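Given as structure tokens, the chain that follows is alone and in the form deposited in one PDB entry.
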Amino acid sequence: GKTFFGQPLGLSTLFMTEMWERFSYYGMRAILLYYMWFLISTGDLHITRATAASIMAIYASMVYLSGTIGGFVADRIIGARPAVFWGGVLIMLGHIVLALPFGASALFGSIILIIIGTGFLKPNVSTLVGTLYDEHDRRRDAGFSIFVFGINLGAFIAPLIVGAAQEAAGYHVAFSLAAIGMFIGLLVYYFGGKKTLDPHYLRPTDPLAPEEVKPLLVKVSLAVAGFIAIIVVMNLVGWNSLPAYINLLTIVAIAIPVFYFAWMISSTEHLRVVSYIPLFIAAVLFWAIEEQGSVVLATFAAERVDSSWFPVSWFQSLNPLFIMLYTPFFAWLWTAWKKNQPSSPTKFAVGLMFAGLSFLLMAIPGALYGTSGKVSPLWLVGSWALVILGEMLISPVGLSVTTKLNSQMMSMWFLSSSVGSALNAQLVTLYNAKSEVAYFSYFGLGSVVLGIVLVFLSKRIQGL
């Protein structure tokens, strides 16, 4: 009878929950770099703009990493429904912290809250969407597509609204709007969830057995102790600047898949695991370029574009806009393309090439016009158009090609975005007006080349 776009009514609740959470997240992301610039300009924040860019990237890296952990905590300890609720509460607090009359001193607390909160909420709302359907329900894929539409919608409207609020009423009010966005999500989630969600998910579905508690405690304790020890040694040898800590986090984020790879390669489907390395690197490099949209392209938007008549943060709406515009087209495409549809490794290769082209495009205005003036907003429009085209090729088959090639390596796909952002934490420090053309050219061309490399390797990989 009555449905939400053909789906169970409970999808409306989760749709709105994620829409408003993504609203809060991308609303914050769209103005946070500019906020740090402001704090730097007033002498409140004693870092370079390069470091501010680095912060944005490592922030994203840790958000993605945290998301690979939240599912475990919900499934084994607190339950998916409380994970979403309390995750949302932490996220809201994270935005409230930036709305308070503080300056740079509140940045770290806000970042930590949102990292933990998003880690709790993001994997677990997706889990709850699954719970709406039986195993044999063929509506499942349609339901997730609608859910993703809500995600992109929140991501789309947030820079517009939060960016406009920032211009009108300042950063603290704008950040409060992000907080209010999460609050709306929590309201709908809490009261809507009670109506449609299975009570089963109020509790962990795979609770720790009695003998499992101590080994988990030891595991967590040793990890924390090791991490703290590393920080201690860092401060003793004088490696205690902010870039030093960012480097530590970069190393951690990259070492986790590296250790996974070394583990699987050591421990004869050995060929498959090795075959995934080029795909994983391609994913990492793609996500690096895609995630630079809120950092390097955001910098370009503010410094190099004729945008005096609208909030420059609005450029961040282009990424989810193009995802929304492309999605129904590629949905039709992969069904219509019956004969000789490209393999998943081929999609990765071409996807990386489009990401490469998105940067090669951005090298053109500086090379043609110089880098001291300002250029058309359409250069950025074209860039996002290209990189998102790449996303349509690599993202829908990413988890698929990883699974078909089990629980540890599955997480590596989600880790690719974390690793890409960790790489960005290093790379974006190289971007400035002087290096602009070389930056876009070099990393653009590199991605295209590595895409061409993957094309040659596509035949061998598809067989495994």
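We call the rigid core the largest set of C-alpha positions that still match within 1.5 Å between the two forms. Start at 1 with the first residue shown and count on from there.
In at least a third of the other PDB entries of this protein that model the residues around it, residue 398 has no coordinates. Among other deposited entries of this protein with both flanking residues present, none omit coordinates for residue 105; it is modelled throughout, well short of a third. Per the record, residue 405 and residue 406 are separated by 4 to 9 deposited residues that have no coordinates. The modelled chain breaks between residue 267 and residue 268, where 4 to 9 residues of the deposited sequence lack coordinates. For the pair 111-119 and 250-258, the mean B factor over Cα atoms is greater in 250-258. Annotation for 334-342 versus 158-166: the higher mean temperature factor (C-alpha) is found in 334-342. If you compare the C-alpha temperature factors of 153, 380, 232, 209 in the entry, 232 comes out highest. Note on the listed residues 369, 102, 149, 322: the highest Cα temperature factor in the record is that of 102.
For residue 39, the recorded CA B-factor ranks within the middle third of the chain. Only modelled residues enter the ranking. Ranked within its chain, residue 263 lands in the highest third, by CA B factor from the PDB record.
Ranked by Cα temperature factor within the chain, residue 413 sits in the highest third according to the deposited record. For residue 278, the recorded CA B-factor ranks within the highest third of the chain. Only modelled residues enter the ranking.
Sort the chain's modelled residues by C-alpha temperature factor and residue 11 lands in the middle third, per the entry.
If you look for the form deposited in another entry, you will not find it shown, but the lines that follow are about it.
Once the core is superposed between the shown form and the other one, every option in 427, 45, 437, 412 stays below 2 Å in C-alpha shift except 412.
When two forms of a protein are overlaid on their rigid core, residues whose CA moves 2 Å or more are considered shifted, and residue 394 is one of them between the shown form and the other one.
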